[PDB]
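Listed next as C-alpha cells is one chain, alone, in the form deposited without its partner chain.
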C-alpha cells in the first residue's frame, strides 16, 4: 500500500526556488521563473518569460494573490540585477512595499497607490518603452535577438486589477501602454497582474489583461466560485489558498503557488 503524498498547502519560495541562478547567467536562464509546485510530481512549473513575457493571477478573496505576486517578484530579482530588471508597481491596497528591494524599483515614482500616481507613471513608462519598438529597417536575425536596444526589462507588477478598473472611471486604465503590448517581447516588457475572480472574466476581454490572456499568457486560476468564471476549460472551483489551476497553451495543471512571509 503506497504512502500518500499530496500537494502541500504551503510551499515557501525557498522550497520552490532553492538554487536560483544569478545575474551572471544568460537571458534565457534569468527569465525561466519558477511559479509553483506541480501536483503531479512536486516539481516546479515555470513561466518561460524569455518567450511568453506575462503572467496572470486570478483569485477570490484571500486566495493568495498578493503574496504570490510578492514571491514571484522575489524569484525574478534573485535572477536579475538592477541593470537587468526594473519594477513598476500598482499597489492600491498598499501590500507590496517589500515585494521588490528598493534597488530594483523603477525610479522615484515606482510604487503607485492611487489613480493619479498610476496615470502619470504609466504615461512616462510608455514614452520610454516606445523608444524600444523595433524598426522595420532591421533584419529578422536582429528581431528575436533584440539587438537594436540594450537595457533593463520592465516588470509591471499590478495588484488588484479590479480596483484599478473601478477607480479609473469609465476610461480604460493603462491606455498609453495597451498599444505596445503586442511588442512586449521585443521591448522587454512583462506584466504580472492579479485580479479578483468575480471580475476576472470581464478582465479577460479588456485591452490590458485581456490582451495578455488572449495571446496565451499563463494564467493561475486560484480559488473561486465556478459561476464567476464557468468555462469548463478552466476548472474554477474552491481551492485552498495558494492552490491554482495553471492554464497556458503549454498545458493545464494544478500547482501550489509559492508562499512568503
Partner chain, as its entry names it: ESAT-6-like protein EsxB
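Residue numbers count along the first chain shown, from 1. Under this definition, the rigid core comprises the largest set of C-alpha atoms superposing within 1.5 Å between the forms.
What comes next is about the form deposited with its partner chain bound, which is not displayed.
Here is the short version: of 183, 129, 78, 163, the single residue with a heavy atom within 4.5 Å of its partner chain in the deposited complex is 129.
Contact annotation: of the candidates 177, 157, 106, 99, the single residue with a non-hydrogen atom within 4.5 angstroms of its partner chain in the deposited complex is 106. In summary, the region of this chain contacting its partner chain in the deposited complex, judged by heavy atoms within 4.5 Å and restricted to 166-174, 140-148, 106-114, 70-78, corresponds to 106-114. Residue 125 belongs to the set of residues with a heavy atom inside 4.5 Å of its partner chain in the deposited complex. Taking the partner from the other structure, its partner chain in the deposited complex has no heavy atom within 4.5 Å of any heavy atom of residue 85. Contact annotation: residue 121 falls within 4.5 Å of its partner chain in the deposited complex, judged by heavy atom distances. Superposing the rigid core between the shown form and the other one leaves a single residue from 151, 101, 182, 169 with a C-alpha shift of at least 2 Å: 169.
When two forms of a protein are overlaid on their rigid core, residues whose CA moves 2 Å or more are considered shifted, and residue 133 is not one of them between the shown form and the other one. Cα of residue 205 to Cα of residue 170: at least 3 Å longer in the deposited complex than in the shown structure. Relative to this form, in the deposited complex the C-alpha atoms of residue 128 and residue 170 approach one another by 3 angstroms or more.
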